[PDB]
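# Coordinate inspection notes
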Amino acid sequence: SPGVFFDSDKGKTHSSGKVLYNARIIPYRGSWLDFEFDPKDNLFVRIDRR
Amino acid sequence: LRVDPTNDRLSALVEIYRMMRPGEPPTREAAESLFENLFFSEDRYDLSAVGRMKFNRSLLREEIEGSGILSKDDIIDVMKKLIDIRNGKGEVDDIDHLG
Amino acid sequence: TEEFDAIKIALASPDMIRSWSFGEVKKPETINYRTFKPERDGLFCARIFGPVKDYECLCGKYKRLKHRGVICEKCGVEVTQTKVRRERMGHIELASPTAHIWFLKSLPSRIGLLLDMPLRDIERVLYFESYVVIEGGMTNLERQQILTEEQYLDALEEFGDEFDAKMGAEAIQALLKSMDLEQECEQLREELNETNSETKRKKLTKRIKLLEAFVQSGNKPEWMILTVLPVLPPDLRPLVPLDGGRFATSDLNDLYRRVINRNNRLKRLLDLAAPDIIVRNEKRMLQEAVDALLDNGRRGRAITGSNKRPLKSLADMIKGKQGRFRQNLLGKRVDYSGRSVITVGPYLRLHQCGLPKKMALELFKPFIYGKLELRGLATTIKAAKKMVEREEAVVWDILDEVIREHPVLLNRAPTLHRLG
Amino acid sequence: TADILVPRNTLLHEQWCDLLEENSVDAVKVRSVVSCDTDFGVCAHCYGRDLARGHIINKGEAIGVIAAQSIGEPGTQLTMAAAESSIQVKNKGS
Amino acid sequence: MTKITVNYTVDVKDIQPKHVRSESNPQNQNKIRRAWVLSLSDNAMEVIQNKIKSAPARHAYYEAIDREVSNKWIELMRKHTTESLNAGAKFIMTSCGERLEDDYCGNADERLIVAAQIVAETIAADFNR
Amino acid sequence: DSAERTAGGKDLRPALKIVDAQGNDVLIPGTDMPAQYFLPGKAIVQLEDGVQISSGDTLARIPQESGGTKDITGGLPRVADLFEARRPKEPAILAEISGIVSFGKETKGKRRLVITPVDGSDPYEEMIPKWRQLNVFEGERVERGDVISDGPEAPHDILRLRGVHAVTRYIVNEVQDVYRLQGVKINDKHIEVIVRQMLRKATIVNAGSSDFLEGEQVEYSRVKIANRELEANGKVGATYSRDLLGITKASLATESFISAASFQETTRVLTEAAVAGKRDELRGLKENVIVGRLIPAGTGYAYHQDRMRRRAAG
Amino acid sequence: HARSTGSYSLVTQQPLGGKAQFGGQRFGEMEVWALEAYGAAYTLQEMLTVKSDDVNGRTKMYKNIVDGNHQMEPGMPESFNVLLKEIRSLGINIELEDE
Amino acid sequence: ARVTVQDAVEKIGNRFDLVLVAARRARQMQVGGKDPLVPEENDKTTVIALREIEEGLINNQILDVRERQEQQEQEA
RNA sequence: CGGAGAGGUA
DNA sequence: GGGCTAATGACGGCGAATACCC
DNA sequence: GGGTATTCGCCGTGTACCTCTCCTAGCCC
């Protein structure tokens, strides 16, 4: 469903523990939004996959 | 913010316009237009009623519905809830839950 | 020769390349992919590549009956057995030497490593950008160095009787013609006796290793620069045009046509003693066309829609998926085979399998025909066809005879072990 | 005793295997394809004969492909007081 | 052709390690030519230009000089190996094959320049008729 | 903990030196316990400075799980990564050579450990990641194969140190145990031939007729050394150590270029074959499939053998 | 579905398509491998060379069978000759040296 | 009729060159050049060659001397 | 008919 | 007409290309 | 110091078939 998507980032760890977090805004139509973490607790934004 | 190399609107818009659209020497007017297109177009950026409802529930808003487009309040709320999850007191959405 | 192992791959010498082929294509003509008539002369020639259609005359306009397996020239055709068709291949004798792109774009640039300068110099000279001193001026000038146009001139007015510097593949041809590999090997190995430096010894050992490799290969470096270009028979390359608005990739054909066009233009220019700039440019796009012919993946690969396959080139025609097309996938479906659901027969002995009568009848039609014409029950293949299709009781004895002990091979759809 | 039980590099089929069972032995050194010094091939006696046959293997028969299909055949069947506390010997022996 | 040709034969300026070349990867070749050129003056240059007609014939004569000096250099280097062995030398089995002991090893460049000077004297004598 | 820490606490590794009842240092050769127990991570120190104890008393306590260690995953992926010889949760280093051992520059990157042979090259240190469970002291005498970092050992170091047959047994036992877990029984000669395929490549240590280090067919090493003792003039040589390439890596390492032509990048491989003039024996079977001729196996091998027997016999 | 002759395709000469007489069976690389593990050599040669691709060989071999004798001669493999000419056009000579 | 190859395995221990030699024997009585040396049971030439080699009648030495024979007659 | 995309079966 | 014509709701590897603690 | 530890684009695809579509494209005469 369109809306917020709170998931666990387990492939971004890149051979490390502490699985990260991600929040994806999925519109009914338009551009996706992504707020992901890093293994250093830094919050990054990806508009679509860029 | 320490990682963020911007502190003002025009530089951020320049960077975002360049990274959405590689090359293409940036124009602040073009960057503003692209940002408005990406998050404030009423004709090609829709959340629909279902998206708004799920969105508010994910943010656990007292609201039931609202705009079909994204707002600053929406982004700040989603960042707040993501930070809450990072703090270990939020919830992670089940990928397959039929809700 | 007999079916042997231990096969030898080496760089071909121009003389024996000429020995392979028989004659040279005069003018290139290729199908338009909306007109499928093989136009001659060109990529479709029944004198150099063998008869495209056997036992008949083919020139693209001529279909006369006369040369149905006899050697004689009527419009320029040669008709022989299909064995000669397989061995008949073409060559074109280039006026100018041309390099092979694979040894240039490869990370171990064979010309670059052999000549001991970075591949940038070789790509510059081959792409007709910067001159190279081909054993030219040495008293003040340098024996093997790249030159820009103004530097090349400056050297020329400095010296023109002790100085030579060419462009393109002829420069590398002159360079590689100069070295005596044995002298280099002897000097390097005997220097290694005197040298006491670790890095210097490593460098000498590497150079002598490369030189000894070329010596043992029996390949003269002048060979690896293409002097005469051999060309396939038309039927030996992928070509399957589709009717309508949809077609199939056939870049190899028009790459051949383009290369022949460039070479013919260069031949015409040289026959007329055209000036240096024009002939050099002609050699330039001739080399470019030859390199695109050799590969387009060395020229930059890209993905085309509706087919997860790059644009056809001779190098990409070397290998498709999963490899050599006719020895693995895809897809090697084979005749004289059948497929059917299985039932249990608990009366068959361990060396027996119960096979349906129709399946046997259609698996052994040639053997049945042979037996039927052997007993005199049929006088021709048509009579045998009628005899088997009429399902007469006689064919049952024939099939029992051809199946008396003729075994069959059953394989499971996935074969995960030998017994499969 | 140091008496010779089996001759030089003899094939250890069922009879010799039983003879080694009765004369219980901890270990045997055996010819291996790993120990094999054959080049562009493998010694038969360095290999053994365990196949759909019961006689010493011969020249040919690319045992590499046989090995690969033998390792891949059961691949489908592959599915996804004591140590560190106290060693308790469960039998009477030296 | 000249009965006297001034040349750089057996100078003290031809004794130096050949470190001048025409491209990257500094190593043998495109230094041999520099070696036997340094042992000859420009006089020999115009003498060989006038003696030999056509550019490529002069070039082939240049590589004739180069192969001759290479033969003499090889000659000198295995004479050096031979005299080291006779004077007492034990082959050192190094990461790159066989060499001689450092106290007995000379230099490939020195044998090269000595051979170049010898052949330069020979070619000057050839000019002298 | 053993893991990386500050730059002022990772230059000195904690140690509990145990002296005799005379106040003098003592060392016991031939034992991986000289006296100074160099303390690994989470090593609770029980004895203070100057505390008198008996022989048989605990020095340090390191909590353990009483079982439950995860060094094996099992299943077909386990089979595959053993066949690819992948590092199991980073390799557990062994005694890289026999001799006395000591510490170098601790935690410069990771830790360094010098192993000093009494007849070899004394500077022989290796790298020690702090993620490994350390069991290593100074002044202790070790030998090749002795565990230095505790944990799952990779086949690569096992081959490099304990010998060919050791890693042969290791791989055979691992794969056979995995297949026994499903109850399937496979004769180990198949695993032996697959391993003999795996380590068909070797790296020369002491240069011979080839370069100082390079991947070479070990059978070529045998023939070359046999030739070397055939004549008096040694070339060089030659000393080598087998190395385990991965299954895919060993496949692409095939001497015959026909294999690579169909299954790897081609133009570079074909050019290497052309310039080197590689006279491939065409020993390969699927390669004889690719060319279109009879395979050298079974009846086809017998046929080609008959042809060879008829060669120079007609 | 079973056949001995019938439909023939282009580019890759092998029975394909149609339902009036459906094509042969995909003699996949697994089957080649199963033949390989056995001493089975020749059957690989027929299932790859003489009854799969080479049209002249298939025709002559069908003629031989109809003549009343199960006949095949190795000679010069046609796919080998094709690949040989193909490599030769690359200015690369393939020597036929016998071991 | 005999379709099992044990006797041929015992006679020729390789049992693989066995296939080649029996195949040649079958090849040249299937087409003229030699005639069956065992009574035919409507059998294919494969199994009559197999029964020949089972009896010890056909072995490598015998077959090779026989073949070299048919040559020195066919040149003569 | 050459190769990709899709449903179904085993 | 037509004859020429030179990415997120896959998954994993992998070399190149960066990222970072002591 | 230097090895992880990320980022930065490409690419491969059990077995066999049943059906379907979709395939170098630009373009000046």
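Just above, that's the structure.
Residues numbered from 1 in each chain as written, not as in the entry; some residues may be left out. Chains lettered and ligands numbered in written order. Part of a larger assembly, values for the part shown. Heavy atoms only, no water.

### A look at the side chain of C:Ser96
Residue and element names in this part refer to chain C. For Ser96, the location among the structural elements is in strand 2 (residues 90–98). Its relative accessible area of 7% is what places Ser96 among the buried residues. There is a polar contact of 3.5 Å between the side chain of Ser96 and the side chain of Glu170. In this structure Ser96 touches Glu170, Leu226 and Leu266, once residues within four positions along its chain are discounted. (Helix = DSSP H or I, 4+ residues; strand = E, 2+ residues; numbered from the N terminus. Buried < 20%, exposed > 50% of the residue type's maximum accessible area, 1.4 Å probe, protein only. Polar contact = N/O pair within 3.5 Å; in protein donor to acceptor, adjacent residues only side chain to side chain. Contact = heavy atoms within 4.5 Å.)

### Some words on the interface of chain G and chain C
Taken together, the contact pairs 57 residues of chain G with 64 residues of chain C. Summed over both sides, the interface of chain G with chain C buries roughly 6200 Å², with 58% coming from carbon and sulfur. It is G:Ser4, G:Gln25 and G:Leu90 that lose the most area in chain G upon contact with chain C, and together they represent 10% of the buried surface on that side. Across the chain G-chain C interface, the total number found is 2 salt bridges. Between G:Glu78 and C:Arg86 there is a salt bridge whose closest N-O contact spans 3.7 Å. One can count 20 residue pairs in polar contact joining chain G with chain C. When residues of the side of chain G that touches chain C are traced back to their parent elements, those giving at least two are strand 1 (25–26), helix 1 (29–37), helix 2 (42–50), helix 3 (55–66), helix 4 (78–88) and strand 2 (92–95) of chain G. Among the elements that line the side of chain G that touches chain C, the one with the most residues is helix 4 of chain G, at 9 residues. Here the residues of the side of chain G that touches chain C are counted per class, giving 26 nonpolar, 16 polar and 15 charged. Note: strand 7 (residues 333–334) of chain C against strand 1 of chain G, 2 bridges, orientation antiparallel. (Buried area = accessible area lost by both parts, 1.4 Å probe. Salt bridge = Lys/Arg side-chain N within 4 Å of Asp/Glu carboxyl O. Nonpolar A, V, L, I, M, F, W, Y, C, P; charged D, E, K, R; others polar. Pairing = 2+ DSSP bridges.)

### What to know about the nonpolar core
By size, the foremost hydrophobic cluster in this structure holds 97 residues, and its most contacted members are C:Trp102, C:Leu115, C:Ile122, C:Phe163, C:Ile172, C:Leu176 and C:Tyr256. Ignoring sequence-local partners within four residues, the contact set of C:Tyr256 consists of C:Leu43, C:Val231, C:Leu232, C:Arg237, C:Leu293, C:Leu314 and G:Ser89. Counting residues in hydrophobic clusters, the runner-up holds 25 residues, among them A:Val4, A:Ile25, B:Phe55 and B:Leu70. (Core = buried A, V, L, I, M, F, W, Y, C linked by side-chain atoms within 4.5 Å.)

### Brief notes about empty space enclosed by the protein
As a volume, the largest cavity reaches approximately 270 Å³. If you go around the largest cavity, you meet 18 residues; those closest to its centre are F:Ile258, F:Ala261, F:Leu270, G:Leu83 and G:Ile87. Grouping the amino acids of the lining of the largest cavity by side-chain chemistry returns 13 nonpolar, 2 polar and 3 charged. The volume enclosed by the second largest cavity comes to roughly 130 Å³. Of all the secondary structure elements, the ones that give two or more residues to the lining of the second largest cavity are helix 1 (32–38), helix 2 (42–51), helix 3 (55–86) and helix 4 (108–127) of chain E. Considering every element that reaches the lining of the second largest cavity, the biggest residue donor is helix 2 of chain E, with 4 residues. (1 Å grid on protein atoms, 1.4 Å probe; cavity = no way out; pocket = protein on both sides within 12 Å on 5 of 7 lines; lining within 4 Å. Points joined across faces, edges and corners; volume = space filled by probe spheres on them.)

### Here we look at the sheet that holds strand 11 (residues 201–206) of chain F
Residues and elements named next belong to chain F. Pairing in this open sheet of 3 strands is antiparallel, and the strands run 12-11-13 from one edge to the other. The open sheet has two edge strands with one neighbour each: strand 12 (215–217) and strand 13 (239–242). In this sheet, neighbouring strand axes are inclined to one another by 50° on average, regardless of whether the strands run parallel or antiparallel. Bridging between strand 11 and strand 13 involves 4 bridges; their strand directions are antiparallel. Note on strand 13: the bridge partner recorded for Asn206 is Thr239. (Axes fitted to C-alpha atoms, helices over the stretch in contact; angles between N-to-C directions.)

### A closer look at the protein's contact with DNA strand K
Not every one of the 34 residues close to DNA strand K is listed here, only the nearest: A:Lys12, C:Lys321, C:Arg333, C:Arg339 and G:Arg26. Sugar and phosphate atoms form 76% of the subset of DNA strand K atoms that lie within 4 Å of the protein. C:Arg339 places a polar side-chain atom, nitrogen or oxygen, 2.5 Å from a sugar or linking oxygen of DNA strand K. Residue G:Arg26 places a side-chain N or O atom 2.5 Å away from a phosphate oxygen belonging to DNA strand K. Across the surface near DNA strand K, the residue classes tally to 7 nonpolar, 13 polar and 14 charged. (Near = heavy atom within 4 Å.)

### Section: the packing of helix 1 of chain G against helix 2 of chain G
When two helices pack together, you describe them by how their axes are tilted relative to each other and by the distance separating the axes. All names here are of chain G. At a minimum axis distance of 9 Å, the contact between helix 1 and helix 2 shows a crossing angle of 155°. Relative to helix 2, the element helix 1 lies roughly antiparallel. Contacts from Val32, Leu35 and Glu36 of helix 1 reach helix 2 at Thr43, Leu44, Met47 and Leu48. (Parallel < 35°, antiparallel > 145°, perpendicular 65-115°, else oblique.)

### Concerning the pattern of salt bridges
Side-chain pairs of opposite charge can arise whenever the charged atoms involved come near each other. According to the stated counting rule, one finds 66 salt bridges over all chains in the structure shown. Each of the salt bridges in this network shares a partner with another, and the network as a whole consists of B:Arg52, B:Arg61, B:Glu63, B:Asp74 and B:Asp77.

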